[PDB]
């Protein structure tokens, strides 16, 4: 059951206000207007949401996913895309996915980790993110939302 949705405008996307690299497009999401972030091309791919641990209930396992689509112009995905959750104490969940195998123009959710908040970690920043910083061109990824479920 989904507790929060965090749209890309709330994230920090490196080069996200440079129209050479990223565009933004308004779409309806249920009753709301959201803007999808549409990657044209970068070598430095980096998207990071930050939300406080106090936003969440303690002693409860949450899992987080990002909803994305590969465009008709998709290339450069044969590399590992890093998936990260960083907790208030600096500890991290870290995993990777290869998107090159995926079909375009279809929404799909990538799981980026699970966490539970106990003791010290029940307050302070939590980062949710994904990145690839290799010197190859990543093209044609549209980002819909971060979802946090429990």
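Residue numbers count along the first chain shown, from 1.
Averaged over Cα atoms, the B-factor as recorded in the entry is higher for 21 to 29 than for the other of 6 to 14 and 21 to 29. Averaged over Cα atoms, the B-factor as recorded in the entry is higher for 115 to 123 than for the other of 79 to 87 and 115 to 123. Out of 39, 70, 110, 60, it is 60 whose C-alpha atom has the highest B-factor in the PDB entry.
Among the modelled residues of the chain, residue 1 sits in the highest third by CA temperature factor in this PDB entry. In the PDB entry, a CA B factor belonging to the lowest third of its chain's modelled residues is recorded for residue 98. The PDB entry assigns residue 64 a C-alpha temperature factor belonging to the lowest third of its chain's modelled residues. In the deposited entry, the Cα temperature factor of residue 52 sits in the top third of values across the chain's modelled residues.
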